[PDB]
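Here are two versions of the same chain, shown separately as structure tokens and labelled structure 1 and structure 2.
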Structure 1
């Protein structure tokens, strides 16, 4: 199963949760709205330790939910949970460390990593689709699909992460998620697997363009507003293709944009299911 760690043990392996970046000898690897993720070594195993940090009971709900989803969903396109720590007021989750971080950070070439080739971007999108398919095949809604939550192993295999907001059409009183990726219905309170498909369409736009879904110092601020400029023929997808590539052919790029535009239908019932998205991505290559 999973290993129950004492909090002081994860304190030692993370060097007191050193907030300096791993790029300069620290332990901090990334940051989210619900915690900070640190690098460590547990018994020669490189690990990722997410220290959670919303009500306290709510954080325990997402802590318990992540464990329950990870206990049942094991797949090569999902991250793996090794253990956790629950003693005290601090909640921690221990995962197998991902040598290439998040897709978001690699699209931005954070810490000097080389730009991703289009060929590898295609394989990453396919792997992320296979991960979403496995979760949907087991009746789980991710509710926070974004490039920051798509991680990459040593061979750049795509692995979905962060299942604290996952659920098994329904409404809720507490709207959660990253607004730049969320479907219109999810911003209103609906919980449905079609919202995951819409968020994946934004990721495909991030993969094509290399631009993050939101950039405050950018015009347009939201990547979705750029798609609208392409629909109205005021721009084309070739004008926004990531220039940090040299192997991107227009046919495959337009094919991925077609999947993205289908995923990004405002009406959820017009969006394809993840199985159709999977097949369209396989036919793209």
Structure 2
């Protein structure tokens, strides 16, 4: 199904796991809580190699990736398990994550409103495919939305995905639904998290900022509803092509996604429908 790489092959293609960043001539692209991401080159093809630093998340990623293949899901090419180290090889996303592009990391120009609308639609198509295949992502966030050579949105990181209550609460607190913080596992929690992503797209602001008032982005929904502020006051100033009608239409979707009561949230098919009507 996927290519079985030996640890020595991934060792050489990543220039002996060169921990220096890409900008300084190394191979390190970044790091997460479960491992370091390296740029690799296998037979004239660029790859992303995640060296895990745990086995259940390796197995779950492979299991979900074998079952779910879609235009808006990142593709797994292979893996390595022969050593004491576990590696996952993916299709390389030249435009990194949506979080990095919204923050203009490493001098990248701001995303236009037109590109932002296409990204939101693509991400919704990806979540829709996961839910149609009875999978809950559990960690929907802008850092988990990757961008290819045409800025096509690709949902990533299926290590926490589930095919209901849990004793092990996992995810990113700033994006998590109230019931998800309580231990509930439901596809409606993915909808809430997508609502936070839509707010990041409109504002260009991260979900959480400790040196900001309010610290959490989902709290701007309260300020707008209580008439303290408007969505117009929060529109990313780094755009020149945003129109009030489509911004209000995306905000309306985000607002519906961010309902505290999980049953009042729209399903992903409705979210997909509202985002298509927006354009």
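Only the largest set of C-alpha atoms that superpose within 1.5 Å between the two forms is called the rigid core. Numbering follows the first chain given and starts at 1.
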**Report entry** Backbone CA shift between the two structures, residue 133, after core fitting (angstrom)
**Finding:** 0.3
**Report entry** Angstrom shift of the Cα atom of residue 87 between the two structures (superposition on rigid core)
**Finding:** 2.1
Query raised in the report: After superposing on the rigid core, how many Å does the CA of residue 225 move between the two structures?
Result: 1.6
